[PDB]
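Here's the structure, in structure tokens; my notes come after.
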There are 2 protein chains.
Amino acid sequence: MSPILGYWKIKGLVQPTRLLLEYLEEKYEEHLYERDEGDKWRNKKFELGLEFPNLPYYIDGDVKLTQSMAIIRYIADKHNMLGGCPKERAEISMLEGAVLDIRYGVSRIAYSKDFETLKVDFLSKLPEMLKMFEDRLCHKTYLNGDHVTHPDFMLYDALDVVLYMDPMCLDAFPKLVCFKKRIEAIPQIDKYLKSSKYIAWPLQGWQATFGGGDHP
Amino acid sequence: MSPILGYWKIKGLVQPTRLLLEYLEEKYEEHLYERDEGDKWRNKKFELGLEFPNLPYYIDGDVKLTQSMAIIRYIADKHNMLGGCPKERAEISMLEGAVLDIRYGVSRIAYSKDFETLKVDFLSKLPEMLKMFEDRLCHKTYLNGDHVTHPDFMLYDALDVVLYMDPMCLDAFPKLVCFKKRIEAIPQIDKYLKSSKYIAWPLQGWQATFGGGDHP
Ligand SMILES: CCCCCCSC[C@H](NC(=O)CC[C@H]([NH3+])C(=O)O)C(=O)NCC(=O)O
Ligand SMILES: CCCCCCSC[C@H](NC(=O)CC[C@H]([NH3+])C(=O)O)C(=O)NCC(=O)O
């Protein structure tokens with residue numbers, strides 16, 4: 001019984017988790033809820049044995065989890081990727097949070113009718129946020145050094161998303177540009193992005209003003 | 001050189017961390033930025049050796065951290081409180097996320113001019129969120145069982161906050177009511193809440209429409 005990953009058929013909160021599973025070459029099945037299957041989800045929500053019913057959820061022979069960050073960290077933890085000591089684990093958790101400020105920064109304004117105006121303010125703040133990652137990568141192949149960790153896939157997802165908002169937001173950040181290409185150069189990832197399992201759109205929920213809809 | 005915890009002189013994102021430090025009886029100093037000291041923060045922001053400059057930050061003889069969740073988890077990790085195995089650590093991370101949905105649910109609408117209207121929608125969703133914790137606590141003293149973990153202080157903070165929004169939101173949840181009292185019954189916590197170090201207000205930043213200002 002291979003693990004089941006449930007979520008809307010969008011990138012959203014679970015995309016980084018998918019990339020991690022693919023990177024690790026872990027077998028898994030997905031239960032994807034289409035745009036008109038909310039009803040299907042509601043009728044199963046409290047019937048899966050989940051303590052805190054939500055999307056995404058992860059069910060396998062050992063656990064039943066919800067909360068996207070708990071799920072991605074569980075998968076990484078099962079592969080001894082969370083960090084070898086408190087200091088290292090904290091570094092990795094700090095990177096997570098830093099990436100979320102960007103990813104969630106996008107989603108918080110993506111559902112507004114005044115997206116364009118909010119976008120201006122967000123994009124004026126994005127540079128400073130990106131620069132901390134740029135500096136972090138000037139002497140490191142990946143966020144935690146020579147080896148890939150789950151925050152790398154989180155950052156990748158965030159970069160993919162902001163590049164849709166503004167294709168030139170990385171022009172002043174060559175290391176981030178190269179980092180994104182480097183992630184796509186990982187064999188498992190390249191294979192995944194080219195497979196039928198890859199969900200390129202939407203970024204947020206279908207109803208979103210930005211990153212929504214059925215097509216880019 | 002005891003650890004330094006920097007943050008605005010508000011509860012906000014760091015309150016649970018303060019409670020954890022007090023619970024563990026760890027010595028620490030705080031660098032509190034008053035409402036009119038933003039300028040003071042800006043001039044120090046990139047001068048503290050922080051890789052991802054932000055508030056709160058935690059600096060001690062071993063690390064320099066930012067991102068509230070990385071900080072609270074570091075402190076807990078130093079005391080072997082994050083979980084003994086992947087499954088347990090994931091349970092604890094799931095609880096964190098579940099609490100944040102509530103705490104951040106409040107902050108996302110607390111800065112709006114239309115707070116009252118947004119409040120109505122939030123409070124109609126809060127019950128379902130609280131009920132998952134209520135059920136979790138029907139056969140457990142604390143969120144993870146007989147012993148306290150950092151999510152307990154996170155939940156406490158969230159309950160403290162929503163009780164300000166609606167003093168009756170816990171009427172249908174007796175276990176959560178008792179849980180809040182149980183936390184306040186911990187000697188270190190009772191002592192802290194009664195000390196001069198305790199910051200009762202504001203909940204969000206001073207500019208917030210809800211939980212803001214200099215006085216309740
Ligand atoms: C960040 C970019 C895009 C975000 C799209 C929204 S995610 C779907 C939504 N789930 C959540 O909001 C989960 C939040 C939770 N904190 C987590 O991280 O898992 C849902 O439908 N949950 C099911 C339910 O509420 O019943
Ligand atoms: C949740 C209830 C109340 C929230 C009040 C806002 S927190 C202060 C703000 N910091 C952040 O937003 C940090 C976000 C980061 N994700 C974290 O969790 O630490 C700041 O002034 N950072 C300093 C800066 O940006 O220079």
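As shown in the structure tokens, the chain order sets the letters A, B, ...; within each chain, residues go from 1, and ligands are also counted from 1 in the order they appear.
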
Chain A near chain B within 7 Å: what's each residue's closest atom pair and its distance in Å to one decimal, counting only C-alpha atoms, ordered by chain then ascending residue number, as a tab-separated table?
residue	atom	partner	partner_atom	distance
A:51	CA	B:132	CA	6.7
A:52	CA	B:132	CA	5.8
A:63	CA	B:87	CA	6.8
A:66	CA	B:94	CA	6.4
A:67	CA	B:94	CA	5.5
A:70	CA	B:93	CA	4.9
A:74	CA	B:90	CA	5.5
A:77	CA	B:86	CA	5.8
A:78	CA	B:86	CA	6.3
A:86	CA	B:77	CA	5.8
A:87	CA	B:63	CA	6.8
A:90	CA	B:70	CA	5.3
A:93	CA	B:70	CA	4.9
A:94	CA	B:70	CA	5.0
A:97	CA	B:67	CA	5.8
A:98	CA	B:67	CA	6.9
A:132	CA	B:52	CA	5.8

Hey, can you spit out that residue selection with N, CA and C atoms as an mmCIF file, in the first residue's frame?
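Generated file (out.cif):
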data_model
loop_
_atom_site.group_PDB
_atom_site.id
_atom_site.type_symbol
_atom_site.label_atom_id
_atom_site.label_comp_id
_atom_site.auth_asym_id
_atom_site.auth_seq_id
_atom_site.Cartn_x
_atom_site.Cartn_y
_atom_site.Cartn_z
ATOM 1 N N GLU A 51 -7.007 13.544 12.042
ATOM 2 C CA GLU A 51 -7.278 14.262 13.283
ATOM 3 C C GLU A 51 -7.600 15.726 13.010
ATOM 4 N N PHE A 52 -6.936 16.307 12.014
ATOM 5 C CA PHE A 52 -7.164 17.705 11.649
ATOM 6 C C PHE A 52 -7.454 17.806 10.154
ATOM 7 N N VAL A 63 1.244 6.563 9.013
ATOM 8 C CA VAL A 63 0.608 7.766 9.536
ATOM 9 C C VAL A 63 -0.497 8.339 8.664
ATOM 10 N N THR A 66 -1.995 15.917 7.967
ATOM 11 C CA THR A 66 -2.520 17.096 7.291
ATOM 12 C C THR A 66 -1.527 18.200 7.644
ATOM 13 N N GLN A 67 -1.683 19.368 7.024
ATOM 14 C CA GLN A 67 -0.781 20.509 7.200
ATOM 15 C C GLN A 67 0.402 20.266 6.264
ATOM 16 N N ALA A 70 3.901 19.869 7.702
ATOM 17 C CA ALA A 70 4.120 18.681 8.513
ATOM 18 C C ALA A 70 4.377 17.514 7.565
ATOM 19 N N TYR A 74 7.805 15.388 7.157
ATOM 20 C CA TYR A 74 7.728 13.975 7.524
ATOM 21 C C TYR A 74 8.483 13.158 6.486
ATOM 22 N N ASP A 77 12.093 13.771 6.880
ATOM 23 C CA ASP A 77 12.550 13.170 8.129
ATOM 24 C C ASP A 77 12.758 11.664 7.953
ATOM 25 N N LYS A 78 11.893 11.035 7.163
ATOM 26 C CA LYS A 78 11.995 9.602 6.911
ATOM 27 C C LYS A 78 13.267 9.276 6.137
ATOM 28 N N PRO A 86 20.448 20.331 16.401
ATOM 29 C CA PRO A 86 19.515 21.448 16.572
ATOM 30 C C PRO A 86 19.850 22.672 15.715
ATOM 31 N N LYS A 87 21.125 23.044 15.683
ATOM 32 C CA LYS A 87 21.555 24.197 14.899
ATOM 33 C C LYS A 87 21.234 24.018 13.415
ATOM 34 N N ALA A 90 17.469 24.001 12.750
ATOM 35 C CA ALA A 90 16.938 25.353 12.870
ATOM 36 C C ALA A 90 17.247 26.157 11.608
ATOM 37 N N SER A 93 14.749 25.095 9.182
ATOM 38 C CA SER A 93 13.424 25.624 9.494
ATOM 39 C C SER A 93 13.363 27.119 9.188
ATOM 40 N N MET A 94 14.498 27.798 9.321
ATOM 41 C CA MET A 94 14.550 29.225 9.035
ATOM 42 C C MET A 94 14.382 29.431 7.531
ATOM 43 N N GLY A 97 10.642 29.046 6.565
ATOM 44 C CA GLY A 97 9.914 30.268 6.867
ATOM 45 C C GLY A 97 10.202 31.396 5.895
ATOM 46 N N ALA A 98 11.476 31.578 5.562
ATOM 47 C CA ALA A 98 11.883 32.625 4.636
ATOM 48 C C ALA A 98 11.245 32.420 3.265
ATOM 49 N N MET A 132 18.262 37.998 0.147
ATOM 50 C CA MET A 132 18.806 37.185 1.231
ATOM 51 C C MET A 132 19.111 35.768 0.708
#

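Across B:188, B:144, B:207, B:107, the tightest approach to ligand 2 is made by B:107 when counting only C-alpha atoms and all ligand atoms.
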
Could you pull the residues within 10 Å of residue 198 of chain A, counting only C-alpha atoms, minus those fewer than 2 positions along the same chain, as an mmCIF file with C-alpha atoms, in the first residue's frame?
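Below is the file result_23.cif, written as the result:
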data_model
loop_
_atom_site.group_PDB
_atom_site.id
_atom_site.type_symbol
_atom_site.label_atom_id
_atom_site.label_comp_id
_atom_site.auth_asym_id
_atom_site.auth_seq_id
_atom_site.Cartn_x
_atom_site.Cartn_y
_atom_site.Cartn_z
ATOM 1 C CA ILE A 10 -3.355 22.636 -8.534
ATOM 2 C CA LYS A 11 0.213 23.442 -7.545
ATOM 3 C CA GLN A 15 3.823 21.264 -5.208
ATOM 4 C CA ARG A 18 5.503 16.382 -4.996
ATOM 5 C CA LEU A 19 8.945 17.510 -6.133
ATOM 6 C CA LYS A 191 11.783 13.625 -15.789
ATOM 7 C CA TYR A 192 8.855 14.696 -13.582
ATOM 8 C CA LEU A 193 8.318 18.079 -15.232
ATOM 9 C CA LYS A 194 8.161 16.229 -18.551
ATOM 10 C CA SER A 195 5.823 13.495 -17.295
ATOM 11 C CA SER A 196 2.022 13.259 -17.374
ATOM 12 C CA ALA A 200 1.663 23.242 -14.329
ATOM 13 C CA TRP A 201 -1.475 25.258 -13.611
#

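Note that the spacing between atom 19 (O, counted along the ligand's line) of ligand 2 and atom CA of residue 14 of chain B amounts to 8.1 Å.
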